[PDB]
file entry.cif (mmCIF, N, CA and C atoms and all ligand atoms)
data_data
loop_
_atom_site.label_atom_id
_atom_site.label_comp_id
_atom_site.auth_asym_id
_atom_site.auth_seq_id
_atom_site.Cartn_x
_atom_site.Cartn_y
_atom_site.Cartn_z
N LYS F 1 6.67 -5.43 25.18
CA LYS F 1 5.37 -5.93 24.70
C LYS F 1 5.19 -5.29 23.32
N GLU F 2 3.98 -4.82 23.10
CA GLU F 2 3.65 -4.09 21.88
C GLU F 2 2.83 -2.91 22.35
N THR F 3 3.12 -1.74 21.83
CA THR F 3 2.31 -0.58 22.20
C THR F 3 0.93 -0.67 21.57
N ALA F 4 0.00 0.12 22.09
CA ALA F 4 -1.35 0.08 21.59
C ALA F 4 -1.36 0.55 20.15
N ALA F 5 -0.64 1.61 19.84
CA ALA F 5 -0.65 2.11 18.46
C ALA F 5 -0.05 1.10 17.48
N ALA F 6 1.02 0.43 17.90
CA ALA F 6 1.68 -0.54 17.01
C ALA F 6 0.77 -1.76 16.82
N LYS F 7 0.03 -2.14 17.88
CA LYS F 7 -0.89 -3.29 17.75
C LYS F 7 -2.03 -2.94 16.77
N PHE F 8 -2.50 -1.70 16.80
CA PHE F 8 -3.55 -1.29 15.87
C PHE F 8 -3.00 -1.34 14.46
N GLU F 9 -1.76 -0.90 14.23
CA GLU F 9 -1.18 -0.98 12.90
C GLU F 9 -1.10 -2.40 12.37
N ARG F 10 -0.56 -3.29 13.18
CA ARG F 10 -0.40 -4.67 12.78
C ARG F 10 -1.75 -5.37 12.56
N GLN F 11 -2.73 -5.08 13.40
CA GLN F 11 -4.01 -5.78 13.25
C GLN F 11 -4.90 -5.18 12.19
N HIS F 12 -4.80 -3.88 11.92
CA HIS F 12 -5.80 -3.26 11.07
C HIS F 12 -5.37 -2.53 9.86
N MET F 13 -4.08 -2.36 9.62
CA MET F 13 -3.68 -1.63 8.45
C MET F 13 -3.19 -2.48 7.28
N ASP F 14 -3.69 -2.26 6.07
CA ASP F 14 -3.10 -2.90 4.88
C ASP F 14 -3.05 -1.90 3.77
N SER F 15 -2.04 -1.05 3.78
CA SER F 15 -1.86 -0.01 2.79
C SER F 15 -1.21 -0.49 1.51
N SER F 16 -0.99 -1.80 1.38
CA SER F 16 -0.27 -2.31 0.21
C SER F 16 -1.13 -2.77 -0.93
N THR F 17 -2.42 -2.90 -0.67
CA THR F 17 -3.36 -3.33 -1.71
C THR F 17 -4.56 -2.42 -1.63
N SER F 18 -5.21 -2.20 -2.76
CA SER F 18 -6.36 -1.32 -2.78
C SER F 18 -7.60 -1.99 -2.21
N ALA F 19 -7.61 -3.32 -2.21
CA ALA F 19 -8.79 -4.04 -1.80
C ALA F 19 -8.42 -5.50 -1.71
N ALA F 20 -9.17 -6.24 -0.90
CA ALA F 20 -8.95 -7.63 -0.69
C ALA F 20 -8.69 -8.38 -1.93
N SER F 21 -7.60 -9.12 -1.84
CA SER F 21 -7.12 -9.99 -2.87
C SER F 21 -8.31 -10.75 -3.51
N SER F 22 -8.56 -11.93 -3.00
CA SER F 22 -9.59 -12.79 -3.52
C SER F 22 -10.21 -13.29 -2.24
N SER F 23 -10.95 -14.39 -2.35
CA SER F 23 -11.51 -15.00 -1.16
C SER F 23 -10.45 -15.46 -0.15
N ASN F 24 -9.20 -15.68 -0.60
CA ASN F 24 -8.15 -16.16 0.29
C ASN F 24 -7.39 -15.04 1.02
N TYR F 25 -7.76 -13.79 0.74
CA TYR F 25 -7.08 -12.63 1.33
C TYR F 25 -7.03 -12.77 2.84
N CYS F 26 -8.15 -13.04 3.47
CA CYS F 26 -8.16 -13.13 4.93
C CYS F 26 -7.33 -14.26 5.50
N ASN F 27 -7.42 -15.48 4.95
CA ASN F 27 -6.57 -16.55 5.47
C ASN F 27 -5.09 -16.12 5.45
N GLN F 28 -4.67 -15.48 4.38
CA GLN F 28 -3.27 -15.10 4.24
C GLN F 28 -2.89 -13.99 5.21
N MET F 29 -3.70 -12.95 5.30
CA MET F 29 -3.40 -11.80 6.18
C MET F 29 -3.55 -12.12 7.67
N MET F 30 -4.54 -12.92 8.03
CA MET F 30 -4.69 -13.27 9.42
C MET F 30 -3.45 -14.04 9.87
N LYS F 31 -2.90 -14.87 8.99
CA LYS F 31 -1.70 -15.59 9.34
C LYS F 31 -0.44 -14.72 9.35
N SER F 32 -0.21 -13.91 8.32
CA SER F 32 0.97 -13.10 8.25
C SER F 32 1.01 -12.01 9.30
N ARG F 33 -0.13 -11.49 9.76
CA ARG F 33 -0.12 -10.47 10.85
C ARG F 33 -0.11 -11.10 12.22
N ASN F 34 0.08 -12.43 12.26
CA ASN F 34 0.18 -13.19 13.50
C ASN F 34 -1.04 -13.17 14.39
N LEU F 35 -2.21 -13.25 13.73
CA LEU F 35 -3.47 -13.26 14.44
C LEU F 35 -4.01 -14.69 14.57
N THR F 36 -3.19 -15.68 14.21
CA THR F 36 -3.64 -17.07 14.30
C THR F 36 -2.60 -17.91 15.02
N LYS F 37 -1.71 -17.24 15.75
CA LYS F 37 -0.63 -17.91 16.48
C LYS F 37 -1.02 -19.02 17.45
N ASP F 38 -1.79 -18.69 18.47
CA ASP F 38 -2.18 -19.69 19.47
C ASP F 38 -3.64 -20.06 19.36
N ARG F 39 -4.41 -19.17 18.75
CA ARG F 39 -5.82 -19.37 18.56
C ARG F 39 -6.22 -18.57 17.32
N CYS F 40 -7.39 -18.86 16.76
CA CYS F 40 -7.85 -18.08 15.60
C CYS F 40 -8.57 -16.84 16.07
N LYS F 41 -8.10 -15.64 15.74
CA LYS F 41 -8.83 -14.44 16.16
C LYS F 41 -10.16 -14.55 15.41
N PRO F 42 -11.28 -14.42 16.12
CA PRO F 42 -12.58 -14.59 15.44
C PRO F 42 -12.97 -13.62 14.36
N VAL F 43 -12.74 -12.33 14.61
CA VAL F 43 -13.13 -11.28 13.69
C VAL F 43 -12.00 -10.27 13.62
N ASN F 44 -11.71 -9.78 12.42
CA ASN F 44 -10.68 -8.74 12.31
C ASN F 44 -10.88 -7.97 11.02
N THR F 45 -10.76 -6.65 11.09
CA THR F 45 -10.92 -5.77 9.96
C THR F 45 -9.60 -5.16 9.50
N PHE F 46 -9.35 -5.15 8.19
CA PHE F 46 -8.15 -4.51 7.62
C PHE F 46 -8.63 -3.33 6.78
N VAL F 47 -7.96 -2.20 6.95
CA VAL F 47 -8.28 -0.98 6.21
C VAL F 47 -7.23 -0.75 5.12
N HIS F 48 -7.70 -0.59 3.89
CA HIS F 48 -6.81 -0.44 2.70
C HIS F 48 -6.67 1.03 2.34
N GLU F 49 -6.03 1.77 3.22
CA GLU F 49 -5.77 3.19 2.98
C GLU F 49 -4.41 3.45 3.58
N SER F 50 -3.86 4.62 3.33
CA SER F 50 -2.53 4.91 3.87
C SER F 50 -2.64 5.02 5.39
N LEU F 51 -1.54 4.77 6.10
CA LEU F 51 -1.55 4.96 7.54
C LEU F 51 -1.90 6.41 7.89
N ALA F 52 -1.37 7.38 7.15
CA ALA F 52 -1.70 8.77 7.43
C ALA F 52 -3.21 9.03 7.34
N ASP F 53 -3.89 8.49 6.32
CA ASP F 53 -5.35 8.72 6.19
C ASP F 53 -6.11 8.10 7.37
N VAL F 54 -5.68 6.91 7.85
CA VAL F 54 -6.37 6.29 9.00
C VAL F 54 -6.06 7.09 10.28
N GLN F 55 -4.81 7.52 10.46
CA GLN F 55 -4.48 8.33 11.62
C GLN F 55 -5.30 9.61 11.62
N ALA F 56 -5.51 10.20 10.44
CA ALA F 56 -6.27 11.45 10.38
C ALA F 56 -7.71 11.30 10.85
N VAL F 57 -8.23 10.06 10.89
CA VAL F 57 -9.60 9.90 11.37
C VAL F 57 -9.73 10.39 12.82
N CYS F 58 -8.65 10.35 13.59
CA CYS F 58 -8.69 10.82 14.98
C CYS F 58 -8.99 12.31 15.16
N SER F 59 -9.02 13.05 14.07
CA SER F 59 -9.46 14.45 14.20
C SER F 59 -10.69 14.71 13.32
N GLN F 60 -11.40 13.65 12.95
CA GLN F 60 -12.61 13.76 12.14
C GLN F 60 -13.87 13.70 13.05
N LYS F 61 -14.90 12.93 12.70
CA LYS F 61 -16.16 13.04 13.51
C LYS F 61 -16.14 12.28 14.81
N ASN F 62 -16.26 12.99 15.93
CA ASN F 62 -16.23 12.33 17.23
C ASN F 62 -17.59 11.67 17.45
N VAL F 63 -17.60 10.37 17.73
CA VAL F 63 -18.84 9.62 17.94
C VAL F 63 -18.66 8.67 19.10
N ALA F 64 -19.75 8.22 19.70
CA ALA F 64 -19.59 7.25 20.77
C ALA F 64 -19.04 5.92 20.24
N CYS F 65 -18.29 5.22 21.08
CA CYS F 65 -17.87 3.87 20.76
C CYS F 65 -18.99 2.94 21.26
N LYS F 66 -19.01 1.69 20.79
CA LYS F 66 -20.06 0.75 21.19
C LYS F 66 -20.07 0.53 22.69
N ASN F 67 -18.88 0.51 23.28
CA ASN F 67 -18.79 0.31 24.72
C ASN F 67 -19.09 1.55 25.56
N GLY F 68 -19.48 2.66 24.94
CA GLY F 68 -19.81 3.83 25.74
C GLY F 68 -18.70 4.85 25.93
N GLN F 69 -17.47 4.50 25.57
CA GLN F 69 -16.37 5.46 25.70
C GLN F 69 -16.61 6.52 24.63
N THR F 70 -16.04 7.70 24.82
CA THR F 70 -16.27 8.81 23.89
C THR F 70 -15.07 9.27 23.03
N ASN F 71 -14.07 8.40 22.92
CA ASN F 71 -12.89 8.69 22.12
C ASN F 71 -12.93 7.98 20.76
N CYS F 72 -14.12 7.74 20.20
CA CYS F 72 -14.21 7.16 18.88
C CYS F 72 -14.44 8.25 17.85
N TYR F 73 -14.01 7.94 16.64
CA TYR F 73 -14.10 8.88 15.52
C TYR F 73 -14.48 8.12 14.27
N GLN F 74 -15.38 8.69 13.47
CA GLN F 74 -15.84 8.07 12.26
C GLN F 74 -15.27 8.84 11.07
N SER F 75 -14.63 8.11 10.16
CA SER F 75 -14.06 8.74 9.00
C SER F 75 -15.12 9.51 8.20
N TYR F 76 -14.75 10.72 7.77
CA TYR F 76 -15.67 11.49 6.97
C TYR F 76 -15.94 10.80 5.64
N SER F 77 -14.94 10.15 5.06
CA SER F 77 -15.18 9.48 3.78
C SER F 77 -15.20 7.99 3.95
N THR F 78 -15.80 7.30 3.00
CA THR F 78 -15.68 5.84 3.05
C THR F 78 -14.25 5.45 2.69
N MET F 79 -13.85 4.27 3.16
CA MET F 79 -12.55 3.73 2.95
C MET F 79 -12.70 2.28 2.49
N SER F 80 -11.73 1.78 1.74
CA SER F 80 -11.76 0.37 1.32
C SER F 80 -11.43 -0.48 2.57
N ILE F 81 -12.33 -1.39 2.94
CA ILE F 81 -12.13 -2.21 4.13
C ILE F 81 -12.45 -3.68 3.86
N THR F 82 -11.70 -4.56 4.50
CA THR F 82 -12.01 -5.98 4.37
C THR F 82 -12.31 -6.53 5.77
N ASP F 83 -13.49 -7.14 5.96
CA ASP F 83 -13.80 -7.80 7.23
C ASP F 83 -13.41 -9.27 7.05
N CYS F 84 -12.71 -9.82 8.04
CA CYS F 84 -12.29 -11.22 8.06
C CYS F 84 -12.98 -11.88 9.25
N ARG F 85 -13.70 -12.96 8.99
CA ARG F 85 -14.41 -13.65 10.07
C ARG F 85 -14.30 -15.16 9.87
N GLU F 86 -14.11 -15.88 10.96
CA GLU F 86 -14.04 -17.35 10.84
C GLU F 86 -15.33 -17.95 10.31
N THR F 87 -15.16 -18.99 9.49
CA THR F 87 -16.29 -19.74 8.94
C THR F 87 -16.48 -20.94 9.85
N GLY F 88 -17.55 -21.68 9.61
CA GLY F 88 -17.81 -22.88 10.41
C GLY F 88 -16.73 -23.94 10.30
N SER F 89 -16.01 -24.00 9.17
CA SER F 89 -14.94 -25.00 8.97
C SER F 89 -13.66 -24.65 9.73
N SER F 90 -13.60 -23.44 10.29
CA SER F 90 -12.41 -22.99 11.00
C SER F 90 -12.20 -23.73 12.32
N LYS F 91 -11.00 -24.25 12.52
CA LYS F 91 -10.69 -24.93 13.78
C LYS F 91 -9.18 -24.92 13.97
N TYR F 92 -8.72 -24.18 14.98
CA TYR F 92 -7.28 -24.09 15.24
C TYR F 92 -6.72 -25.50 15.29
N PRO F 93 -5.53 -25.72 14.73
CA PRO F 93 -4.64 -24.78 14.05
C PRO F 93 -4.88 -24.62 12.54
N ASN F 94 -6.10 -24.90 12.10
CA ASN F 94 -6.43 -24.71 10.69
C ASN F 94 -7.51 -23.66 10.62
N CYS F 95 -7.12 -22.41 10.83
CA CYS F 95 -8.11 -21.34 10.82
C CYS F 95 -8.59 -21.15 9.39
N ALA F 96 -9.80 -20.64 9.26
CA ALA F 96 -10.37 -20.40 7.93
C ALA F 96 -11.31 -19.20 8.08
N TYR F 97 -11.15 -18.27 7.14
CA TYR F 97 -11.88 -17.03 7.18
C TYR F 97 -12.60 -16.72 5.92
N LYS F 98 -13.74 -16.06 6.10
CA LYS F 98 -14.52 -15.47 5.01
C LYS F 98 -13.98 -14.03 4.85
N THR F 99 -13.86 -13.61 3.61
CA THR F 99 -13.35 -12.29 3.24
C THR F 99 -14.50 -11.44 2.68
N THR F 100 -14.83 -10.32 3.31
CA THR F 100 -15.91 -9.45 2.80
C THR F 100 -15.35 -8.03 2.61
N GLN F 101 -15.24 -7.61 1.35
CA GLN F 101 -14.65 -6.32 0.99
C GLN F 101 -15.71 -5.31 0.67
N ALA F 102 -15.57 -4.08 1.17
CA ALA F 102 -16.57 -3.07 0.84
C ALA F 102 -15.97 -1.69 1.12
N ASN F 103 -16.67 -0.63 0.73
CA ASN F 103 -16.22 0.74 0.98
C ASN F 103 -17.15 1.22 2.06
N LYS F 104 -16.60 1.48 3.24
CA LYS F 104 -17.41 1.84 4.38
C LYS F 104 -16.68 2.88 5.24
N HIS F 105 -17.40 3.56 6.13
CA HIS F 105 -16.72 4.50 7.04
C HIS F 105 -16.02 3.70 8.11
N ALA F 106 -14.82 4.11 8.49
CA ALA F 106 -14.09 3.45 9.55
C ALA F 106 -14.35 4.17 10.87
N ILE F 107 -14.59 3.41 11.97
CA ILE F 107 -14.75 4.03 13.27
C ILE F 107 -13.66 3.46 14.17
N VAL F 108 -12.79 4.34 14.63
CA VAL F 108 -11.68 3.93 15.48
C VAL F 108 -11.66 4.67 16.79
N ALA F 109 -11.08 4.05 17.82
CA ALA F 109 -10.90 4.72 19.11
C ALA F 109 -9.48 5.26 19.08
N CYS F 110 -9.32 6.48 19.57
CA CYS F 110 -7.99 7.11 19.57
C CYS F 110 -7.50 7.45 20.96
N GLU F 111 -6.18 7.42 21.12
CA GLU F 111 -5.61 7.76 22.44
C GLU F 111 -4.15 8.11 22.29
N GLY F 112 -3.65 8.87 23.26
CA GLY F 112 -2.25 9.21 23.31
C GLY F 112 -1.80 10.53 22.76
N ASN F 113 -0.48 10.73 22.85
CA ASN F 113 0.18 11.88 22.28
C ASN F 113 1.40 11.30 21.53
N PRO F 114 1.38 11.25 20.18
CA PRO F 114 0.31 11.72 19.28
C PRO F 114 -0.98 10.92 19.52
N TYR F 115 -2.07 11.57 19.19
CA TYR F 115 -3.42 11.02 19.37
C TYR F 115 -3.71 10.18 18.12
N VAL F 116 -3.57 8.86 18.26
CA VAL F 116 -3.65 7.94 17.11
C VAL F 116 -4.61 6.79 17.40
N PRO F 117 -4.94 6.01 16.38
CA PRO F 117 -5.87 4.88 16.55
C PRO F 117 -5.28 3.77 17.42
N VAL F 118 -6.11 3.29 18.32
CA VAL F 118 -5.69 2.20 19.20
C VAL F 118 -6.70 1.04 19.16
N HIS F 119 -7.88 1.26 18.59
CA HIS F 119 -8.81 0.16 18.48
C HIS F 119 -9.68 0.40 17.27
N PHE F 120 -10.12 -0.69 16.63
CA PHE F 120 -11.06 -0.58 15.50
C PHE F 120 -12.42 -0.91 16.10
N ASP F 121 -13.38 0.03 16.05
CA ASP F 121 -14.70 -0.23 16.68
C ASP F 121 -15.74 -0.83 15.75
N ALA F 122 -15.76 -0.35 14.51
CA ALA F 122 -16.79 -0.78 13.56
C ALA F 122 -16.55 -0.09 12.24
N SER F 123 -17.26 -0.62 11.23
CA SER F 123 -17.32 0.02 9.94
C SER F 123 -18.81 0.26 9.69
N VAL F 124 -19.11 1.32 8.96
CA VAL F 124 -20.48 1.53 8.50
C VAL F 124 -20.35 1.71 6.98
CL CL F 201 4.32 2.90 18.53
CL CL F 202 6.80 -2.97 15.63
CL CL F 203 3.76 -9.84 15.73
CL CL F 204 -11.89 -5.71 14.02
CL CL F 205 -8.93 -3.34 17.78
#

call {"tool": "encode", "arguments": {"input": "entry.cif", "output": "structure tokens", "more": "lines below"}}
Ligand SMILES: [Cl-]
Ligand SMILES: [Cl-]
Ligand SMILES: [Cl-]
Ligand SMILES: [Cl-]
Ligand SMILES: [Cl-]
result
Amino acid sequence: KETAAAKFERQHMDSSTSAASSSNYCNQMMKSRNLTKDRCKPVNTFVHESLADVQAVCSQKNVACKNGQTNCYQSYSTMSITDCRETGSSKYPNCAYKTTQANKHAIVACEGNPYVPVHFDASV
């Protein structure tokens, strides 16, 4: 299958650009990370920082996750993040996304040994 840590990398990491391309950034990334294979993933966030900086969030501020679990952590600093969300024109197999880029704190759930990100909970 895919491990939880590897799925978090594929779905949420983009260390190759400092910030969302243009308005088409999300259409391109949602497709290349295979998030539009059988259906259009409705919402997905990409973090534009090194993998090491995102992994380090797991030893930063411990905060509750939205679902009540207590293994979430909020980055001490803001990070460049792009939220990708389907627009009304989106309809599989022609997915379409709005791209919203901003500098926000990343909140991730962590698990395992090594203790690394396994879910993206929110940005603030
Ligand atoms: Cl892995
Ligand atoms: Cl892999
Ligand atoms: Cl894949
Ligand atoms: Cl997300
Ligand atoms: Cl996730």

call {"tool": "residues_near_ligand", "arguments": {"input": "entry.cif", "ligand": "ligand CL 205 (chain F)", "cutoff": "6.5 Å", "atoms": "all atoms listed in the file", "output": "list in words"}}
result
residues 8, 118, 119, 120 and 121 of chain F

call {"tool": "residues_around", "arguments": {"input": "entry.cif", "residues": "residue 93 in chain F", "least_positions_apart": "6", "cutoff": "9 Å", "atoms": "only C-alpha atoms", "output": "ChimeraX atom specification"}}
result
/F:36-40

call {"tool": "closest_residue", "arguments": {"input": "entry.cif", "among": "F:42, F:97, F:76, F:81", "to": "residue 56 in chain F", "atoms": "all atoms listed in the file"}}
result
F:76

call {"tool": "residues_around", "arguments": {"input": "entry.cif", "residues": "range 17-20 of chain F", "least_positions_apart": "5", "cutoff": "6.5 Å", "atoms": "only N, CA and C atoms", "output": "PDB file with N, CA and C atoms, in the coordinates of the input"}}
result
ATOM      1  N   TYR F  25      -7.760 -13.790   0.740  1.00  0.00           N
ATOM      2  CA  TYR F  25      -7.080 -12.630   1.330  1.00  0.00           C
ATOM      3  C   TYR F  25      -7.030 -12.770   2.840  1.00  0.00           C
ATOM      4  N   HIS F  48      -7.700  -0.590   3.890  1.00  0.00           N
ATOM      5  CA  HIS F  48      -6.810  -0.440   2.700  1.00  0.00           C
ATOM      6  C   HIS F  48      -6.670   1.030   2.340  1.00  0.00           C
ATOM      7  N   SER F  80     -11.730   1.780   1.740  1.00  0.00           N
ATOM      8  CA  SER F  80     -11.760   0.370   1.320  1.00  0.00           C
ATOM      9  C   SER F  80     -11.430  -0.480   2.570  1.00  0.00           C
ATOM     10  N   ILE F  81     -12.330  -1.390   2.940  1.00  0.00           N
ATOM     11  CA  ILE F  81     -12.130  -2.210   4.130  1.00  0.00           C
ATOM     12  C   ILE F  81     -12.450  -3.680   3.860  1.00  0.00           C
ATOM     13  N   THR F  82     -11.700  -4.560   4.500  1.00  0.00           N
ATOM     14  CA  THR F  82     -12.010  -5.980   4.370  1.00  0.00           C
ATOM     15  C   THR F  82     -12.310  -6.530   5.770  1.00  0.00           C
ATOM     16  N   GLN F 101     -15.240  -7.610   1.350  1.00  0.00           N
ATOM     17  CA  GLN F 101     -14.650  -6.320   0.990  1.00  0.00           C
ATOM     18  C   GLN F 101     -15.710  -5.310   0.670  1.00  0.00           C
TER      19      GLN F 101
END

call {"tool": "atom_distance", "arguments": {"input": "entry.cif", "atom1": "atom C of residue 50 in chain F", "atom2": "CA of residue 23 in chain F"}}
result
22.9 Å

call {"tool": "atom_distance", "arguments": {"input": "entry.cif", "atom1": "atom C of residue 108 in chain F", "atom2": "atom C of residue 122 in chain F"}}
result
8.2 Å

call {"tool": "closest_atom_pairs", "arguments": {"input": "entry.cif", "of": "chain F", "to": "ligand CL 204 (chain F)", "cutoff": "6 Å", "atoms": "only C-alpha atoms and all ligand atoms", "output": "Markdown table"}}
result
| residue | atom | partner | partner_atom | distance |
| --- | --- | --- | --- | --- |
| F:43 | CA | F:CL204 | CL | 5.7 |
| F:44 | CA | F:CL204 | CL | 3.7 |
| F:45 | CA | F:CL204 | CL | 4.2 |
| F:120 | CA | F:CL204 | CL | 5.4 |

call {"tool": "select_by_dssp", "arguments": {"input": "entry.cif", "residues": "chain F", "states": "strand (DSSP E or B)", "output": "JSON, numbers by chain"}}
result
{"F": [13, 43, 44, 45, 46, 47, 61, 62, 63, 72, 73, 74, 79, 80, 81, 82, 83, 84, 85, 86, 91, 94, 97, 98, 99, 100, 101, 102, 103, 104, 106, 107, 108, 109, 110, 111, 116, 117, 118, 119, 120, 121, 122, 123]}

call {"tool": "residues_near_ligand", "arguments": {"input": "entry.cif", "ligand": "ligand CL 203 (chain F)", "cutoff": "8 Å", "atoms": "only N, CA and C atoms and all ligand atoms", "output": "PyMOL selection string"}}
result
chain F and resi 10+32-35

call {"tool": "closest_residue", "arguments": {"input": "entry.cif", "among": "F:54, F:79, F:6, F:29", "to": "ligand CL 202 (chain F)", "atoms": "all atoms listed in the file"}}
result
F:6

call {"tool": "residues_near_ligand", "arguments": {"input": "entry.cif", "ligand": "ligand CL 201 (chain F)", "cutoff": "12 Å", "atoms": "only C-alpha atoms and all ligand atoms", "output": "short mmCIF file (atom, residue, chain, number, x, y, z; two decimals) with N, CA and C atoms, in the coordinates of the input"}}
result
data_model
loop_
_atom_site.label_atom_id
_atom_site.label_comp_id
_atom_site.auth_asym_id
_atom_site.auth_seq_id
_atom_site.Cartn_x
_atom_site.Cartn_y
_atom_site.Cartn_z
N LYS F 1 6.67 -5.43 25.18
CA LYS F 1 5.37 -5.93 24.70
C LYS F 1 5.19 -5.29 23.32
N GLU F 2 3.98 -4.82 23.10
CA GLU F 2 3.65 -4.09 21.88
C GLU F 2 2.83 -2.91 22.35
N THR F 3 3.12 -1.74 21.83
CA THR F 3 2.31 -0.58 22.20
C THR F 3 0.93 -0.67 21.57
N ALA F 4 0.00 0.12 22.09
CA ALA F 4 -1.35 0.08 21.59
C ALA F 4 -1.36 0.55 20.15
N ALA F 5 -0.64 1.61 19.84
CA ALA F 5 -0.65 2.11 18.46
C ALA F 5 -0.05 1.10 17.48
N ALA F 6 1.02 0.43 17.90
CA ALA F 6 1.68 -0.54 17.01
C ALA F 6 0.77 -1.76 16.82
N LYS F 7 0.03 -2.14 17.88
CA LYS F 7 -0.89 -3.29 17.75
C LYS F 7 -2.03 -2.94 16.77
N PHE F 8 -2.50 -1.70 16.80
CA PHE F 8 -3.55 -1.29 15.87
C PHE F 8 -3.00 -1.34 14.46
N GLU F 9 -1.76 -0.90 14.23
CA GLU F 9 -1.18 -0.98 12.90
C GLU F 9 -1.10 -2.40 12.37
N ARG F 10 -0.56 -3.29 13.18
CA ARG F 10 -0.40 -4.67 12.78
C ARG F 10 -1.75 -5.37 12.56
N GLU F 111 -6.18 7.42 21.12
CA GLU F 111 -5.61 7.76 22.44
C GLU F 111 -4.15 8.11 22.29
N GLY F 112 -3.65 8.87 23.26
CA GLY F 112 -2.25 9.21 23.31
C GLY F 112 -1.80 10.53 22.76
N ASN F 113 -0.48 10.73 22.85
CA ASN F 113 0.18 11.88 22.28
C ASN F 113 1.40 11.30 21.53
N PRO F 114 1.38 11.25 20.18
CA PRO F 114 0.31 11.72 19.28
C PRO F 114 -0.98 10.92 19.52
N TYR F 115 -2.07 11.57 19.19
CA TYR F 115 -3.42 11.02 19.37
C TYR F 115 -3.71 10.18 18.12
N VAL F 116 -3.57 8.86 18.26
CA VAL F 116 -3.65 7.94 17.11
C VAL F 116 -4.61 6.79 17.40
N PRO F 117 -4.94 6.01 16.38
CA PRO F 117 -5.87 4.88 16.55
C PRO F 117 -5.28 3.77 17.42
N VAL F 118 -6.11 3.29 18.32
CA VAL F 118 -5.69 2.20 19.20
C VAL F 118 -6.70 1.04 19.16
#

call {"tool": "atom_distance", "arguments": {"input": "entry.cif", "atom1": "atom N of residue 84 in chain F", "atom2": "atom N of residue 14 in chain F"}}
result
11.9 Å

call {"tool": "select_by_dssp", "arguments": {"input": "entry.cif", "residues": "chain F", "states": "alpha helix (DSSP H)", "output": "PyMOL selection string"}}
result
chain F and resi 4-12+25-32+51-56

call {"tool": "residues_around", "arguments": {"input": "entry.cif", "residues": "residue 58 in chain F", "least_positions_apart": "3", "cutoff": "6 Å", "atoms": "only C-alpha atoms", "output": "PDB file with N, CA and C atoms, keeping the file's coordinate frame"}}
result
ATOM      1  N   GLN F  55      -4.810   7.520  10.460  1.00  0.00           N
ATOM      2  CA  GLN F  55      -4.480   8.330  11.620  1.00  0.00           C
ATOM      3  C   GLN F  55      -5.300   9.610  11.620  1.00  0.00           C
ATOM      4  N   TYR F  73     -14.010   7.940  16.640  1.00  0.00           N
ATOM      5  CA  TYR F  73     -14.100   8.880  15.520  1.00  0.00           C
ATOM      6  C   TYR F  73     -14.480   8.120  14.270  1.00  0.00           C
ATOM      7  N   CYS F 110      -9.320   6.480  19.570  1.00  0.00           N
ATOM      8  CA  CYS F 110      -7.990   7.110  19.570  1.00  0.00           C
ATOM      9  C   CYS F 110      -7.500   7.450  20.960  1.00  0.00           C
TER      10      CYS F 110
END

call {"tool": "residues_around", "arguments": {"input": "entry.cif", "residues": "residue 98 in chain F", "least_positions_apart": "5", "cutoff": "7 Å", "atoms": "all atoms listed in the file", "output": "number ranges by chain"}}
result
F: 23, 26-27, 83-87

call {"tool": "closest_residue", "arguments": {"input": "entry.cif", "among": "F:109, F:88, F:12, F:124", "to": "residue 68 in chain F", "atoms": "only C-alpha atoms"}}
result
F:109

call {"tool": "closest_residue", "arguments": {"input": "entry.cif", "among": "F:52, F:15, F:59, F:78", "to": "residue 106 in chain F", "atoms": "all atoms listed in the file"}}
result
F:78

call {"tool": "residues_around", "arguments": {"input": "entry.cif", "residues": "residue 62 in chain F", "least_positions_apart": "6", "cutoff": "7 Å", "atoms": "all atoms listed in the file", "output": "PyMOL selection string"}}
result
chain F and resi 70-74

call {"tool": "closest_residue", "arguments": {"input": "entry.cif", "among": "F:41, F:94, F:75, F:16", "to": "residue 61 in chain F", "atoms": "only C-alpha atoms"}}
result
F:75

call {"tool": "decode", "arguments": {"input": "entry.cif", "residues": "range 50-74 of chain F", "atoms": "C-alpha atoms", "output": "short mmCIF file (atom, residue, chain, number, x, y, z; two decimals), in the first residue's frame"}}
result
data_model
loop_
_atom_site.label_atom_id
_atom_site.label_comp_id
_atom_site.auth_asym_id
_atom_site.auth_seq_id
_atom_site.Cartn_x
_atom_site.Cartn_y
_atom_site.Cartn_z
CA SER F 50 11.54 21.67 3.31
CA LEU F 51 10.46 18.22 4.45
CA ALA F 52 12.77 18.59 7.46
CA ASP F 53 11.02 21.85 8.56
CA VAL F 54 7.56 20.19 8.30
CA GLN F 55 8.77 17.07 10.14
CA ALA F 56 10.16 19.33 12.88
CA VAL F 57 6.64 20.58 13.59
CA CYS F 58 6.07 17.25 15.42
CA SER F 59 8.19 18.54 18.30
CA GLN F 60 6.75 22.08 18.31
CA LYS F 61 3.43 23.23 19.94
CA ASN F 62 1.19 20.35 20.98
CA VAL F 63 -2.46 21.31 20.33
CA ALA F 64 -5.73 19.47 20.00
CA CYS F 65 -6.73 18.22 16.56
CA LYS F 66 -10.24 19.11 15.29
CA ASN F 67 -11.37 15.54 15.86
CA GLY F 68 -10.33 15.59 19.51
CA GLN F 69 -7.14 13.53 19.21
CA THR F 70 -4.15 15.04 21.04
CA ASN F 71 -1.26 14.27 18.66
CA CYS F 72 -1.51 17.53 16.69
CA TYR F 73 1.21 20.16 16.58
CA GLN F 74 1.15 23.74 15.36
#
